[PDB]
Each structure stands twice: as structure tokens, then as C-alpha cells.
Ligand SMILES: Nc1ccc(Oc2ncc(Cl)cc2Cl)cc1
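Given next, in C-alpha cells, is a single chain: the form solved without the named molecule.
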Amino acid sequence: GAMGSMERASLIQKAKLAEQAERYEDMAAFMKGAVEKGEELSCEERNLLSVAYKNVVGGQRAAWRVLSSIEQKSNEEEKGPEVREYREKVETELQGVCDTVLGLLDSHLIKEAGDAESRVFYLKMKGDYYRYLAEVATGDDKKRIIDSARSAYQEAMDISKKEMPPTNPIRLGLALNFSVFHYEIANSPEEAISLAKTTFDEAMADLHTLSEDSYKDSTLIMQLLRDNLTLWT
């Protein structure tokens, strides 16, 4: 793409600079360039990719929610088409970012990912970006978008339970996000709560095996599970 002339290592270096500068759109463009070099990503590189797009789409989602709230209130004086148009503009940009990430995953990150840690990470991301599409979907494809998220999360869950310990941060983060999927997207709050609780309790029982540094990583995500459970119960 626009990054085709830049060295892979320079793209990664610049992604790290962009992160320090809180330039997440640039960070994402650099990481997209790096992915498009065609080589597999290391753990650190996978995390740069995820951070960049999480921040970009996170900003878009927050803006979409503000606009959707304003639009909903307007449909409870007539102010014309502008609120819908601008919500649609932000929505279309959001969808474009999601399609970009899903495209990277499909061409060809997932198919080359053989190790559990990489394959679960990418399948989790696939679930996440279909979940963001589902948040804004209102038409004929809504059910299929929801099912695409579910299917990606479920494949990730199946691999994670076979291949990773219950405290592995990727396994924990996957469960956290799939539980949110159940609560917010699939209208399955009991499934959400059961998943969060089971994940927390199984992790608790495996903490004894960990170093101090691994313990810190795992417990941080466990706290997020507890935070959601507190919100939901």
C-alpha cells in the first residue's frame, strides 16, 4: 500500500514511536504496512497491531455512541437529516476500520498462525471486530455478523482450553471479551456471567504456578472479569 516502500523494521519502529506520541491512526497504518509484508508477526508485533486498532476503533465507537444517543433523543423538534447523516458517516468509517482489520486477519494472518498463542490472539481479534460491526448493525446481515463473532470467539476458546493454562493472559482476555459479547451482543447475560465466573475461578486455582511477573499479568485481567461481574450482578 502507501507503506509498500518502507522496510518492515522501520514500520515497526515507527509504530512504537507513534504509540509514544499517542498517534494511533499512524500507528495502525504502520502496523498494517508491517502485516502486508507477508511475514508472521511476533508476540510484540501482534500487540502493537492490536493496540493501534483498539485505540482507533475505540475512539470511533465512543463517537458513534454519542451521536446515536443524540439521534435517539431527536426521535422521541425536527432538526433535519444532519444527525443521522453524521452518525452514518462515523459508522461507515468505523465499519471501514473493522473491515480493514478483518481483512488483515483473513489475508493472511490466521491461516499462517499455527501456535496456540498466535492463533487464539488472531481469532479473538476476529471476534472483537465482528462484535464492533454487530454493535452498529441494524439490517439483514445482523444475525450473520453476530454469528461470525461467536464462531471466531468459540474457535479461539476451544484452542485456548486445549493448549493454554487457565491463567494465560490471552486465554483470560479472550474470555473477558467473549463474556462481553454474550452480555451486550447475544442477549445472553447468564452465559456472560457463567463464563466470567468460571474463567475467574479456574484462573485463581492456577495462580500458584506463576512467577511474580506472570501473577501480575494474570491478576490484572482477572480483576477486569470481577469488575464486569460486579457490574452485572
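One rule holds for the numbers: they count along the sequence shown, beginning at 1.
Omitted from view is the form solved in complex with the named molecule, to which the following refers.
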property: Contact of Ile193 with the named molecule in the bound PDB entry (heavy atom, 4.5 Å); result: yes
property: Any non-hydrogen atom of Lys37 within 4.5 angstroms of the named molecule in the bound PDB entry; result: no
property: Any non-hydrogen atom of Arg8 within 4.5 angstroms of the named molecule in the bound PDB entry; result: no
property: Non-hydrogen atom within 4.5 Å of the named molecule in the bound PDB entry for each of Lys197, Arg226 and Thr230; result: yes
